[PDB]
Amino acid sequence: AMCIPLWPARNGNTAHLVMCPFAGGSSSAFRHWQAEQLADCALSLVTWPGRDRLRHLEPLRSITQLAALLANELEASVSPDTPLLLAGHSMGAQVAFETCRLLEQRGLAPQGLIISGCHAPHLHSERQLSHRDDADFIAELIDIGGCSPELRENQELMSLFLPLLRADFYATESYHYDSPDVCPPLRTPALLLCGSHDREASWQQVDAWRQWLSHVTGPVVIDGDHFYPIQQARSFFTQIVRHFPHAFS
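Basis of the calculations
- Residues numbered from 1 in each chain as written, not as in the entry; some residues may be left out.
- Heavy atoms only, no water.
- Pairing = 2+ DSSP bridges.
- Helix = DSSP H or I, 4+ residues; strand = E, 2+ residues; numbered from the N terminus.
- Axes fitted to C-alpha atoms, helices over the stretch in contact; angles between N-to-C directions.
- Contact = heavy atoms within 4.5 Å.
- UniProt positions renumbered as here; feature names shortened; annotations may be inferred.
- Buried < 20%, exposed > 50% of the residue type's maximum accessible area, 1.4 Å probe, protein only.
- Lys, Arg positive; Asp, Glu negative; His and termini not counted.
- Salt bridge = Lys/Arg side-chain N within 4 Å of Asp/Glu carboxyl O.
- Polar contact = N/O pair within 3.5 Å; in protein donor to acceptor, adjacent residues only side chain to side chain.
- Parallel < 35°, antiparallel > 145°, perpendicular 65-115°, else oblique.
- Nonpolar A, V, L, I, M, F, W, Y, C, P; charged D, E, K, R; others polar.

(A) The arrangement of the sheet that holds strand β6 (residues 190–195) in detail. Ordered by their spatial adjacency, seven strands build an open sheet running β1-β3-β2-β4-β5-β6-β7, and the pairing between neighbours is mixed. Each edge of the open sheet is held by one strand with a lone partner, namely β1 (3–7) and β7 (216–222). Going across the sheet, the axis of each strand differs from the next one's by a mean of 20°, ignoring polarity. For strand β5 (residues 112–116) and β6, the ladder comprises four bridges, and the chain directions are parallel. Across the sheet, residue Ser-116 finds its bridge partner in β6, namely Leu-193. Contacting β1, β2 (16–20), β3 (42–46), β5, β6 and β7, helix α8 (residues 233–243) runs over the sheet at an angle of about 160° to β7.

(B) Here's a closer look at the UniProt feature "domain: Thioesterase" (unreviewed entry) in the protein chain. Under the feature "domain: Thioesterase" (unreviewed entry), the UniProt entry names residues 16–246. The span residues 16–246 shows a helical share of 37% and a strand share of 15%, and its end C-alpha atoms are spaced 13 Å apart.

(C) Quick look at the side chain of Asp-198. Relative to the helices and strands, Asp-198 resides in the loop between β6 and α6 (203–207). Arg-199 provides the closest opposite charge to the buried, salt-bridge-free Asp-198, at an N-O distance of 7.2 Å. At a separation of 2.9 Å, a polar atom in the side chain of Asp-198 contacts the main-chain amide nitrogen of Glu-200. Among residues more than four places away in sequence, those in contact with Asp-198 are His-89, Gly-117, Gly-224, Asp-225, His-226 and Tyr-228.

(D) The arrangement of the packing of helix α4 (residues 134–144) against helix α5 (residues 155–174) in detail. Orientation of α4 relative to α5, taken along the N-to-C sense of each, is 75°, at an axis distance of 11 Å. Between α4 and α5, the crossing angle belongs to the class labelled roughly perpendicular. Contacts between α4 and α5 involve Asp-134, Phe-137, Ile-138, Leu-141 and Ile-144 from the first element and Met-158, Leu-162, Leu-165, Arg-166 and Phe-169 from the second. Looking at the contact of α4 with α5, its residues break down into eight nonpolar, no polar and two charged.

(E) Region of interest: the pattern of salt bridges. Under the definition given, this model contains twelve salt bridges. The closest approach of N and O atoms between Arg-10 and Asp-40, which form a salt bridge, is 2.9 Å. You can see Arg-10 sitting in the loop between β1 and β2 and its partner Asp-40 sitting in the loop between α1 (31–34) and β3, a full 30 residues away along the chain. Between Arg-132 and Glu-140 there is a salt bridge whose closest N-O contact spans 3.9 Å. For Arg-132, a relative accessible area of 27% puts it in the partly exposed group. Of the residues examined, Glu-140 reaches a relative accessible area of 17% and is grouped as buried. Here the salt bridges do not stand alone but share partners, grouping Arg-127, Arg-132, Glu-140, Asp-143, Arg-199 and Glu-200 into one network.

Structure follows, in structure tokens:
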């Protein structure tokens, strides 16, 4: 399964929040979330094929391919009686959006979509990595914030990580539409989140998601940098719960 549980539901809550991770983010990226359940919904993290317990698979190189895998899994595994919330940050926002698109088409719209820290699909990120050689690629990764310079000093780590990181960044950078009118807007209620000091996604880049979303609140600004879903988890989940009161009973 792509989805791995992080929180069980508690206090009788029936909602299930499914989180799509960062580009190159890993299992370990979200241990901080497992340390303390901040809301009563069940909470699962999506694993891209090619790493963690799915390392026996080749990494996919397309946002829409990831979304098709995830939409099928959720359609098979989530009871239609379960209020479903789809969330994603950075590249995960693109997968969450496209997954929501497929579920919505199928008559299985989730109760909510949370788009965090990501430019809209008709835009390109101002940071671009896929054209760079390995040294430059890693320097961008370090600049983003979730990568040790130790990676540069070990060809074996580089041979392990770079195909995964490069696959992720190719996927998220090649993901682009010429115009919002290429698809009908999504009707699933949506929340836009962005960070006050997030260098990967400005308020304007996230606000542009309103071209694709019929029922949207935000951007709601969380005080933090690109890692605010982790470093400011309390604000992150507070804003999610607040904006989806139906789904949290």
